[PDB]
Each structure stands twice: as structure tokens, then as C-alpha cells.
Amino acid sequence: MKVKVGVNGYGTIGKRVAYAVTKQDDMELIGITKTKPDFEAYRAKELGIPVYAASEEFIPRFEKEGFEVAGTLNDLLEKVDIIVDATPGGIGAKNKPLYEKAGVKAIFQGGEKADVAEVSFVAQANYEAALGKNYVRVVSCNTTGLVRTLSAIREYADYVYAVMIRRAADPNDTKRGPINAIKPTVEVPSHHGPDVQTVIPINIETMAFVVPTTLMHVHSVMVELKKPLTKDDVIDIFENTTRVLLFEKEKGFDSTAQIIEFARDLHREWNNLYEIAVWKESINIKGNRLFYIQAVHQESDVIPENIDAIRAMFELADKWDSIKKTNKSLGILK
């Protein structure tokens, strides 16, 4: 039978995960939650997806608009095997006891503390670590991107320094600045480094910044090599690493805008680029240091990771069988 899934928090990550779940033949979307009957709630219903009020506390918002719901999250928790928690950072921790009391497994997003789960997850890097687990944290958008390429060359990395040039807000978020400024994270290192280390063992330090863009994040990566490695070896490795794609600035891929245009060209749902983008020409080796630039489509790179986490937690399949299945259902040729 199919694993019964519920999604708490039908937000930017949540609705995309819900969609992914509907594309799996071994999983069934029991329902999702919303805190208000806005256009997204109407869309879920329009899609035939049962809409549950996130809590009894939000029920009046629905009743007010005369928007019928299938119940509250408490009702949904009684009919699922696992809940994908896609609520605001920090809110996952608050929901955990509700999940434990209901006896259902739970997946939390990167916005939560490592604290929250038994293990942090990135399919291609530590799938087996989540086997049978009940609580798994799919790391954040930037952490996932960093892990995908760093993990592929971990054996050659002695130390890595990465600068996160982050977008200020997702395309659908119009209530957040900065309109015109660069906001640095003065804490050195940013949360990214240690977060990476909750998935793969590696010496890493990171620094982050926020700039006025909504498209994708960009990573400036520097690795001190403790073992021989050439430029071609690196493109070869990246060329063969799943959920990673090389883009040539020479073909016209000048910025994150053209990278996203590639996804729009594929006619992807929400222009989702599940794959981490690496500028081919940026991969260089000077002395014993490797350098390269990558981009992350933060609205969707963790989508495939949530699906695979589900397979590992229920021991539905081995690592590569799940990744390939997840990949095919989302159009990731990898």
C-alpha cells in the first residue's frame, strides 16, 4: 500500500511537496493545512486536495468566508502515517509534540534546529542515515545545494569556505525588503557551515549576505585540496552527480535569470529548478585550491529530498532506487 502523507503548512515548500507526493505511485496525499481561506487554499480544493484548518484557532477565518474544511490538523493527524511539516522556521519545533502524541512520523524543513530531528537529511549524501527513523530534518535550500556538490568531492576537500549570496524574498513575498541594499550576516560563520556538517563530515566555514533579488541564491565556493584533482575531473564529477546541472555562461547563461529561464523553458511546475546549477566556466583550480560558482532555486531544491526522506523512513526502498524514482516523477534526468 501507499504511505499516507499529510502536509502541514501549504506554503512555498509545502504546496510543492504536496504536488510531489501526488506524483508518487507509492504515496497518497491525505490532505494539507492552511491558516486562512486565501487563493492558495481555494487552489488546493480546486485540485481535489482535502484542506484542513491548521488549527481550531483558524477555523473562524474559514467559517467567516464560508469555506468548508475537512477538519483541523488534529483530524488530519489521525489519518496519516507521516506529516511533512512545512511551517515557518521555529514552528516545526512547536508542532513536534503534537506529532509524537499522535504517533506519526514527521519531516521538518531546514528552518528548524538540528535539535528537532533524529537526523538531518540529503538523499544523495546520507539517505541510509534516515532508514527507519521517525523524525528527519531535510536541511535548508542553501545547505542542500552545498551538500550536493561538496559531498561529490568530499574526499578531495581539506577545507572549504563558501559565501552565500542570498535572495531577499521569494517571488510571492512582497512584504519583505531590502529594496536597495546589501545586508550582511555579521555572525561568522553563518548557520550554513554547521548545518552542512549535520549531513556530511567536512571542514567548512561560511558567510552569508542578502541582496535584492527573488530568483535564486548564488554560492561562491573555495576548497583547499588535500589530494590531487584537475579541472576536468571536477566537471566530470559534477556532470555525473544527480540533481546537479552544469550551465555554460557561453551559451548565454549570464545570471540566475537565464538559469531560471531554463526551468521556464522546460515548462516546469512553478518554474521549479530542482537541480543545483553550476557555471561550467567558473570551475577552476589555482595551486591547491578549487573554485566554482553555483546557484540554488530555493523554492524547490528541497522538494525531491522530502520525497526520498519518506522512502528511507518507511524503508520503502534502497537509496538509488528511491532517488531515481523521485527523479523520474519530477522530470529530473539527473
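The first residue of the shown sequence is 1; numbering continues from there.
Of the two segments, 223-231 and 165-173, the one listed with the higher mean B-factor is 223-231 (C-alpha atoms only).
For the pair 295-303 and 58-66, the mean Cα B-factor is higher in 58-66.
The residue among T87, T213, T149, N134 whose C-alpha carries the highest B-factor in the deposited model is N134. The maximum CA B-factor among the listed residues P178, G252, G92, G145, taken from the PDB record, is found at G92. Per the PDB record, residue ranking by Cα B-factor puts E261 in the lowest third of the chain. Sorting the modelled residues of the chain by their CA temperature factor places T33 in the lowest third. Compared with the other modelled residues of the chain, the Cα B-factor recorded for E46 ranks in the highest third.
Per the PDB record, residue ranking by Cα B-factor puts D26 in the highest third of the chain.
Placement of the Cα temperature factor of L273 within the chain: lowest third of the modelled residues, per the deposited record.
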